[PDB]
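Protein chains in written order, with the deposited numbering: chain A, 18 to 306; chain B, 1 to 304; chain C, 204 to 254; chain D, 282 to 330; chain E, 103 to 152; chain F, 85 to 133.
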Amino acid sequence: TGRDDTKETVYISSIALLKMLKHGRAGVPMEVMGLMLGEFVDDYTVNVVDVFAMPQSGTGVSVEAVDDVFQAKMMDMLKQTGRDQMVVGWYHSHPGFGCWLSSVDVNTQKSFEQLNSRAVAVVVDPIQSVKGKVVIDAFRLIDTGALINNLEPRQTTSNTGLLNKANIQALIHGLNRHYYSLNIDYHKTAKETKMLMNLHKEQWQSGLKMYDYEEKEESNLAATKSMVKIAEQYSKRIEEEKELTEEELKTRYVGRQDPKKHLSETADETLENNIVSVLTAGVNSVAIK
Amino acid sequence: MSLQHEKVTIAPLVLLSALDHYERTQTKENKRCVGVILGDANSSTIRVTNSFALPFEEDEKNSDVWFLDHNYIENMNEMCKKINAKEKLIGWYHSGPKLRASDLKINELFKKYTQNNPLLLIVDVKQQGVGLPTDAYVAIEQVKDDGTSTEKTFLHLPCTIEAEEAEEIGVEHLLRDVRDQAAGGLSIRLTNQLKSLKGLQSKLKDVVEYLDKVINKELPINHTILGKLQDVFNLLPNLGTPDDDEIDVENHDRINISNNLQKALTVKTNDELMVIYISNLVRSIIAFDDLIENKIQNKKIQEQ
Amino acid sequence: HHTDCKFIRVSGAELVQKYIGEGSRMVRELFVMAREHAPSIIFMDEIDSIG
Amino acid sequence: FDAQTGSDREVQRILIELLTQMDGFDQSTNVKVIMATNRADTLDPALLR
Amino acid sequence: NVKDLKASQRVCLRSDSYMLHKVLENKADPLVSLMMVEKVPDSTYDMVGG
Amino acid sequence: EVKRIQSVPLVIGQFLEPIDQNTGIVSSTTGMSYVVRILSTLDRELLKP
């Protein structure tokens with residue numbers, strides 16, 4: 018009873034994703050601190066609109082790792098520009114470790130629970146992320162009273178119920194005795210997408226732009242020889258290749274890492290490239306003069 | 001002091017931040033979002049690394065009235081050196097898309113926090129341009145030709161989006177679209193080649209219109225534009241020279257190599273055909289066998 | 204060759220392993236390793252220069 | 282051949298292994314190793330040959 | 103099961119808790135690595151004279 | 085996507101032997117002997133040694 022106690026869908030905006038990665042990757046090999054500013058609506062929806070980075074702390078992430086001088090000043094600056102939002106959580110990194118809360122980080126979550134009891138704790142690894150979907154998970158505490166008397170699960174109702182999880186390690190131990198994980202949902206508009214797609218006007222100008230023809234001849238030369246040398250490799254493939262079982266032929270005549278497939282790719286890249294080069298040249302002739 | 005701003009690289013953090021910030025003040029109807037941009041400056045490459053709003057008002061009754069809070073700029077500096085000392089004020093973004101002369105005077109203000117000339121980074125947030133989502137200009141002061149005075153003016157200096165590496169990771173994550181222009185396969189670049197012709201053609205159309213308005217409606221002759229156009233006429237391909245003729249020989253050289261490749265594939269594709277028919281040959285026999293084999297199965301049930 | 208067993212050989216001194224750990228007990232445990240790969244012939248060579 | 286302390290034995294080990302490995306097994310597609318010597322008094326007794 | 107598991111059975115494990123995956127009946131030894139390059143001899147009684 | 089993992093940064097290790105076509109056993113230069121998955125359409129015709 019009392020609190021709903023179902024884990025939020027955290028909607029992190031595009032600005033807030035990129036900003037977190039920016040402060041994390043400069044700071045490696047070290048931890049980073051920061052406060053997450055958003056709006057909370059519904060009974061399980063937090064929208065993390067923006068973030069701000071708390072300067073690098075000399076003791077690392079802890080319960081003293083927010084200085085009240087920076088904090089107050091920083092939120093005061095957002096109030097003068099109308100960018101103001103409310104602290105709905107906190108972020109911290111482990112720079113070399115995947116997502117979980119150490120003893121200190123859970124104790125920090127106990128403090129942020131006081132201020133807002135739907136608070137999120139987001140753990141960002143800055144360097145382990147190559148997709149940028151991965152190694153960002155959000156956690157939110159489930160009530161203490163809930164833990165004891167075994168009314169702990171109640172996060173599976175009022176969500177999709179598609180869960181994404183891995184690791185036993187610290188992660189899982191953290192889960193059982195404290196918090197519940199749910200995936201990071203990404204929100205965007207088509208104005209943020211539109212900005213990314215453009216990369217100047219030299220994006221399209223380059224399609225007309227034609228390289229040195231010294232280079233083209235070189236690429237085409239290499240490719241011609243390559244197809245002969247792989248045709249011979251393919252000749253060995255059809256040396257007989259009529260003995261039993263397909264699997265024993267694959268290993269024997271090198272049907273694994275197939276010479277037929279290799280010829281095919283080689284031909285196509287060159288064929289299509291020279292197609293565009295003839296076309297762009299002809300375009301140039303007729304268009305200019 | 002330095003006049004070094006020849007290349008302006010933009011992190012994608014700056015363009016999405018300017019998109020948010022316009023909407024967190026709610027400026028509209030030729031009201032503007034004026035904030036700071038930070039990065040590195042005093043250098044040949046400028047990297048625009050970050051952006052923030054500032055308090056700012058824009059009056060439509062007279063453009064020489066706006067508000068700016070100076071104390072905000074001094075307090076934001078203290079904070080940003082703690083996060084990152086590689087970040088410093090390098091100038092200001094302006095929402096645009098219209099550049100004005102009063103903006104030169106805002107410019108002067110920003111010349112008192114950075115040694116270099118401030119960069120005024122026009123970021124269109126209204127998304128009217130299908131290209132240029134960044135245009136960059138820097139105020140420089142020079143004696144203009146043709147009996148003209150010393151003018152303080154905003155000259156275009158090259159800019160491109162290039163992204164930081166740390167930024168990249170998120171750019172990859174948020175782009176999950178197929179990308180009509182990405183420079184892919186044969187297909188992707190035939191769509192491009194057409195797009196590219198209409199790009200250039202429209203750019204060429206602006207030049208025509210401009211020229212007409214100089215002698216019709218008496219626009220001020222700006223001799224910089226006109227100088228560039230002399231070289232346009234001087235780099236025109238001229239036919240009937242041995243160069244053009246060698247280019248037509250080279251189109252056959254290239255198509256020659258394309259022909260040999262096309263035959264080579266015809267053998268692969270026929271190889272695949274041969275190999276299926278062998279399978280089907282076998283399968284005819286296997287299906288035939290089932291019919292015989294039933295008899296053998298039926299007989300056992302009766303016996304046992 | 205004719206025996207039809209796994210002629211492993213083993214060249215030189217066997218203190219040479221050190222990059223997963225020392226060669227001061229792969230002599231000993233050789234007994235075990237050889238047993239596993241039955242039927243196996245160990246050509247533990249050491250030309251001798253210990254005097 | 283010496284092995285007076287442990288540190289005589291280490292030099293010896295390098296000699297042993299050089300000979301055994303020298304040698305052909307699968308047979309050499311190299312030119313077989315070249316060596317230079319100020320004198321042969323400080324080579325082995327008969328293991329070069 | 104403990105039934106499948108014998109002593110001297112090589113087993114694969116995880117990094118998150120070392121829980122088993124599969125039994126292996128393969129053995130990776132410094133001896134195995136030396137054998138593996140050399141492979142079998144091509145020698146026979148008459149490759150060696152006298 | 086796979087091309088990125090394929091590319092730098094990497095840590096060197098040393099292939100021992102296969103235990104399965106799609107899981108092999110290696111030892112890293114960090115000092116840890118790891119069972120590791122093998123990405124397909126890698127030359128497995130030189131991987132086995």
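A virtual CB, placed ideally from N, CA and C, is assigned to each residue, including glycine.
Is A/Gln145 close to chain E, meaning its C-beta is less than 8 Å from at least one C-beta of that chain? no
Quick one: does E/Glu140 have its CB under 8 Å from some CB of chain C? yes
Give a yes or no on whether the minimum CB-CB distance between F/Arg121 and chain A is below 8 Å. no
Quick one, are the C-beta atoms of A/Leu296 and A/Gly191 less than 8 Å apart? no
Does any residue of chain A have a CB that is nearer than 8 Å to the CB of B/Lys82? yes
Would you call the stretch 108-122 of chain E in contact with the stretch 284-300 of chain B, where contact means no fewer than 3 C-beta pairs closer than 8 Å? no
Does the separation of the CB atoms of B/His173 and A/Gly51 fall below 8 Å? no
Could you tell me the distance, in whole angstroms, from the CA atom of B/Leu68 to the CA atom of A/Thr98? 11 Å
What's the C-alpha gap between D/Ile297 and C/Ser252? 7 Å
State whether the stretch 151-170 of chain A contacts the stretch 118-138 of chain A, with contact taken as three or more CB pairs (one from each stretch) at a distance under 8 Å. yes
Going by beta carbon distance, what residues of the same chain come within less than 6 Å of B/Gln201, once the five residues before and after it are set aside? none
Pick from B/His94, B/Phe52, B/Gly39, B/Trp66: whose alpha carbon is nearest that of B/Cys33? B/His94
B/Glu151 (DSSP reduced to helix, strand or coil): strand
Is B/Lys203 near the ligand NAD, judged by its Cβ being under 7 Å from some heavy atom? Of the ligands one can find in the structure shown there are none, so the ligand NAD has no counterpart to examine.
Taking the CB atoms as reference points, tell me whether B/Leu54 and B/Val36 lie closer together than 8 Å. yes
Going by the beta-carbon positions, is the gap between A/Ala89 and B/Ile83 smaller than 8 Å? no
Verify whether the separation of the beta carbon atoms of D/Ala284 and C/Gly254 is less than 8 Å. yes
Cβ-based contacts, 7 Å cut-off: residues of the stretch 107-128 of chain E near chain G: Judged by its chain identifiers, the structure shown contains no chain G, and its protein chains are A, B, C, D, E and F.
Assuming A/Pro143 and A/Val45 form a contact by the criterion Cβ under 8 Å, report the distance between their Cβ atoms to the nearest whole angstrom. 6 Å
Between the stretch 200-212 of chain A and the stretch 243-256 of chain A, do at least 3 Cβ pairs fall closer than 8 Å? no
Following the continuous alpha helix (DSSP H) through B/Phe288, name the residue where it begins and the one where it ends. 242-303
Indicate whether C/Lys209 and C/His240 have their beta-carbon atoms separated by less than 8 Å. yes
Over the uninterrupted alpha helix (DSSP H) stretch that includes A/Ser120, give me the two end residues. 120-132
Return no unless some Cβ of chain E is closer than 8 Å to the Cβ of A/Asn193. no
Contact set between F/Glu129 and chain A, taken where Cβ atoms lie within less than 8 Å: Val271, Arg273, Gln274
Euclidean distance between Cα positions of B/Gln230 and A/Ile305: 15 Å
DSSP state of C/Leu233, grouped into three classes? helix
Could you work out which residue in A/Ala240, A/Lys278, A/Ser302 is closest to B/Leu236 when comparing CA atoms only? A/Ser302
C/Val235 and C/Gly226 - do their beta-carbons sit closer together than 8 Å? no
Classify B/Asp124: buried if its beta carbon has 16 or more other beta carbons within 10 angstroms, exposed otherwise. buried
Report yes if the C-beta distance between A/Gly106 and A/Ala138 is below 8 Å; otherwise report no. yes
Over the uninterrupted beta strand (DSSP E) stretch that includes F/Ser111, give me the two end residues. 108-112
Residue range of the beta strand (DSSP E) that includes B/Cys33: Segment: none, B/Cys33 is in no beta strand (DSSP E) and carries neither H nor E.
Using 8 Å for Cβ pairs, my map puts A/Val63 next to A/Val27. What's the rounded Cβ distance? 6 Å
Contacts of A/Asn184 in chain E (Cβ-Cβ under 7 Å): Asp118
Below 8 Å on C-beta distance, what does B/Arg254 contact in chain A? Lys233, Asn237, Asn291, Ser294, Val295
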